[PDB]
């Protein structure tokens, strides 16, 4: 009889990150906490969200059950739930999901977890560069590149982490030596991506949070955010745009 209670900002962060690529994903209530991973219909990006049980103001499961949650209606209802308005999720039945907050109890029906596209096996990626920086400084690097182009270049070496965008009349570069990055392993990496997705990922995160970036050469990029003050871990994996010769 799932009976969880999280803060409003917590539910609003995950539902947004998820529904940011899907409209219905399977949510996994495990012993270690809440899990849920999905790829967009396009098959370009992947999101993996984790909420260990210590982020909830209570997390009561009576067996690890998976539920098919209609992410759109959930996200849509979430725009009511307040930031401080504790929300309690309950699934004491098999057909519906009760969402309680304030004097409102919303009840949306559940989906057959196996009725939704089966999620993607979490990749086993081995990437050269590992950059740890602030999500805000990052979100500002993406916002800037969006005015110059549809794509950007993540360039890593020993002299720091670089993100570059070029237009036919201008260019922009976001550089942070290892000395200004929270962490940096200095590995050499270089992959190009579409600002479109990168800008969409940046929505579920703001300044003040941290971000680890796993970059390789002509490989996808892993964007692991510590959201809601380290209470929610949202990872976005974007496929690269390969330089066609």
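Numbering follows the first chain given and starts at 1.
Return whichever of 76-84 and 134-142 has the greater mean Cα B factor according to the PDB record.
-> Of 134-142 and 76-84, the stretch with the higher C-alpha B-factor average is 76-84.
66-74 or 192-200, whichever carries the higher mean Cα B-factor | Result of the comparison: 66-74.
Out of 122, 110, 153, 172, highest CA B-factor residue = Of the options given, 122 has the highest CA B-factor in the PDB entry.
Could you look up the Cα B-factor of residue 55 in the entry and say which third of the chain it sits in: lowest, middle or highest?
-> Residue 55: CA B-factor falls in the highest third of its chain.
Assigned third (lowest, middle, highest) for the C-alpha B factor of residue 38 | Middle third, going by the recorded CA B-factors of the chain.
Residue 1 - Cα temperature factor, lowest/middle/highest third of chain = Ranked within chain, residue 1 CA B lands in the highest tercile.
So where's residue 235 on the chain's Cα temperature factor ranking, which third?
-> Its C-alpha B-factor belongs to the lowest third of this chain's values.
So where's residue 157 on the chain's Cα temperature factor ranking, which third?
-> For residue 157, the deposited C-alpha B-factor lands in the middle third.
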